[PDB]
Each structure stands twice: as C-alpha cells, then as structure tokens.
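Following: one structure in structure tokens, then a few remarks.
Chains as they are written, first to last, in the entry's author numbering: chain H, 1 to 52, 52A, 53 to 82, 82A to 82C, 83 to 100, 100A to 100E, 101 to 157, 161 to 213; chain L, 1 to 27, 27A to 27D, 28 to 214.
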C-alpha cells in the first residue's frame, strides 16, 4: 500500500503475454510466503497464486494454472507474475501480498500493495476529453453550489480526478459506451467560495500518459 | 479443493447494530492446534485489508468491534457495533489447503433513514458543443435507499434513448447513494430545443423532484 508496490500493468492483445513485478519498499520478502490476488471489474476478489519463501513450491488457481507463472527474487526483494495466453477475463487489478510469518502452519495475507491494472482487449488506448459541469446562467443560486467534470471517451480504465489538489466529492463509476468509458466527478462547495474562488478538476489517465485540467468558469 | 460459502451475500445493518457474516468450508480448515480461516475487508478503490487471522486473532490496529469465531467448517465474522465506515465487502479465505480460494464475499450495506435526493442539472459545456457533441447531465445526490428512477424531457416531451445512469458506492460518511444520469445528444439536436428537464422519482415521495434549464434567455 506503501510497503509493496506493483508495476507492469498494461493493455494487452488477447492471446498475448505480460510480466508484473512487485517490489518491497521498507520490508523484506525473505522468510515469507507470498501471493498474487486480483479484482476483476466484477467477479468477486480472486486469489490466483502463491509461492514459498525458497521458491520450490508454488500453487495456482485453476483459472490461471498453466498460463501464469509466479516467481521471486529475495535478493532483489521482488515478486513476479508471468502471464501468457491472456484472455478478456484476465482484465483486473492485480495485488501482491506478503503472508504473515507465524510458525505453526499457514498464514493470512497482512501486507498488500495498491495494485496494478491489466486490461486484455483489442481496443486502443485513448485519452479522455474533460468537460466542465457548471450551473446554467439561469440557475436560482442557493446556499451552496455543485460543480462537476464529465470525463468522456477514454480507454482503458482508469482515471483519477483531483479537485484543487486535496472531501465533498462524488465519483460516479465509469460506464462502457461504444468501446469507450465515461465517468464524472462532482464537488459541492458554498456559493460564497465559487466563482469568487478558483475551482479546478485535474484528470489523470496514466495509460495515455495524460493529465487534463479544467478550470470551472461560471456559465 | 476446499470451497467456501459465505452467507448472506448481502445484508443491511443499522448503525450501532450487529452484523453477523458466516463462512462455511467444504472440509475442515483446522490443523496444528489452529484454525486457518482468515477475514478481509475490501472498500471500493482500495486493496483488501486483513481483519482477522487464524479464525479469532485481531490484526494489529483493527478495532475490537470486529470479532472472529468458529472452528472446523463453520466460521463467523461479527461486526458489533457497525459504524458508517464499515461499508465494504467482506471475504473469508482458508489456508489449511491450497488452493486458497476466497469465499464469494458478503456486501455490507448500512441501513439508515429514508432520504429524498437533491437534483442538479447541467447543460453541455461550450467546449463540448464546439466539438460536435452535447451531453446533458443530472446529479441525483444523497438519497436512501438505492432504488431511484429518472426521466428526461426536452420541451416537455419524454426522451427514452441516449440515457445512461451510474450509481455511486454507498458513502462511508452519511451512508447515502448518489447517481448521475447523462443524456447524450448530437449538438444539432440539442440546439434545436429550449427547455431541458431532469425528473427524479424516489420512493420517498409520489411527487418527482424536478430541475430544468432553458436555452432561450441568458
């Protein structure tokens, strides 16, 4: 989450291959079993593979058996997951986790990464268009005011909207629309503070290496 | 392969009350003088978090509101008292045998007092229009329960097509839901009309909550 850091997630053609990495920062893998687990856009949380401390034992879910290979390097403090014969439903956020190290049997997964996103599809990476949502010029102003950003036509998932850097935010989950995602984000703020004060949504789409600002101006 | 069956799949619990979640294993998960059933919490947009290891041990920093019990093939996670921030999916996992398959998960919803939605309507931005498109967006905010209906009108006439709706995950602070309804038009059709209407119908009342704008003045 801070301790473990996944990387390598990417868009990949069906039938293709990909290799994820997981690095410890501030903790050692030496001595511990480890697992990869994934969350798909929605089946339920899925365990997919584990490997022993020394590496001579590993086990896989049926779902990935034969396609995926778990491996590790305790010297470099790194865990890996080689993926091959990738299919549509391998699309997921992949987490690595270190098992607790108690004696007397097996252990739960106590340290988890933030995850890395993998998409398996023949569609192409596309950055978002970002449109401001501001009240119409005829709106009867109230005590507070709700503003938003419409983030349209991007691929793959996901994006992160950040309002004025660092609450009153709502994040509407993205919906797939003719091969492309759309989502939106709102923020509500007192009428006394906007438009007198600057409001800005910053939208990051890591996959396309893109950040789009929008300064909310009054209609 | 040990199969884990969680029950219930869904439950709604009021603040201050007890949530009881069961996980049943197809074969015993006990050996070595211990019981290898583990419980995790997953909130939207976060990695899973360990709550309870080896049936009954609280992970450090997890509050004692969470409690694990059971043995052999029958286990229970009890959250008592439930707090707003407990909205999550809860998973069991056993490690007595590989594969360490999770249960299907139990989604915990916070029950709270019925609430009517706040409606905001937004015309397409100049920028979108200049680019050939037009999306009209309505937010229906902070309502409970989740079920809600929206209808759109263009100059008083109901519009079916072009509508997509997306609900938020229950808010971890006020236990409400929100949802966006977006009407997608071509610029040329948008520009041929005056008044746009978003009508929310929520079980909290017979009368819709209506918001509108007109293109014809300012």
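In this text, a Cβ means the ideal position worked out from N, Cα and C, and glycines have one as well.
Item	Value
Boundaries (first-last residue) of the beta strand (DSSP E) holding residue 147 of chain L	145-150
Outcome for residue 15 of chain L when other beta-carbon atoms lying within 10 angstroms are tallied against a minimum of 16	exposed
Exposure label - residue 174 of chain L; buried when at least 16 CB within 10 Å	buried
Interface residues of the segment 23-45 of chain H facing chain L [CB-CB below 7 Å]	44, 45
is_contact[residue 73 of chain L, chain H] using C-beta, thresh 7 Å	no
Exposure label - residue 207 of chain L; buried when at least 16 CB within 10 Å	buried
Exposure label - residue 100C of chain H; buried when at least 16 CB within 10 Å	buried
is_contact[residue 85 of chain H, chain L] using C-beta, thresh 7 Å	no
8 Å contact criterion, which residue 18 of chain H and residue 92 of chain H should meet: CB distance rounded	That belief does not hold up - the Cβ atoms of residue 18 of chain H and residue 92 of chain H are roughly 15 Å apart, past 8 Å.
Minimum Cβ-Cβ distance from residue 96 of chain L to chain H less than 7 Å	yes
Start and end residues, alpha helix (DSSP H) containing residue 39 of chain L	Note, residue 39 of chain L: premise wrong, no alpha helix (DSSP H); not H, not E.
Residue 28 of chain H burial status per 10 Å Cβ neighbour count (16 or more: buried)	exposed
Those residues which DSSP pairs with residue 106 of chain H across a bridge	DSSP lists no partner for residue 106 of chain H.
Residue 156 of chain L - DSSP class collapsed to helix/strand/coil	coil
Any C-beta of chain H under 7 Å from that of residue 189 of chain L	no
Proximal residues, the segment 64-91 of chain L versus chain H, C-beta separation under 8 Å	85, 87, 89, 91
Through-space distance from residue 171 of chain L to residue 135 of chain L, alpha-carbon basis	17 Å
Neighbour list for residue 101 of chain H in chain L, Cβ cutoff strictly below 8 Å	46, 49, 55
Listed by chain order, chain H residues near residue 176 of chain L by CB distance under 7 Å	166, 178
Beta carbon proximity, residue 47 of chain H to chain L, threshold 7 Å	yes
Contact list for the segment 105-130 of chain H against chain L, Cβ threshold 8 Å	105, 106, 120, 122, 123, 124, 125, 126, 127, 128, 129, 130
Given residue 168 of chain L as reference, the closest of L:66, L:38, L:151 once Cα atoms are compared	L:38
CB contact check: residue 123 of chain L to chain H, cutoff 7 Å	yes
Beta-carbon proximity check, residue 120 of chain L vs residue 1 of chain L, cutoff 7 Å	no
Stretch-stretch touch, CB-based, cutoff 8 Å, three pairs: the segment 113-124 of chain H with the segment 108-128 of chain L	yes
CB contact below 7 Å: residue 204 of chain H versus chain L	no
Any C-beta of chain H under 7 Å from that of residue 164 of chain L	yes
Residue 187 of chain L, DSSP secondary structure in three states	helix
Cβ of residue 162 of chain H within 7 Å of any chain L Cβ	no
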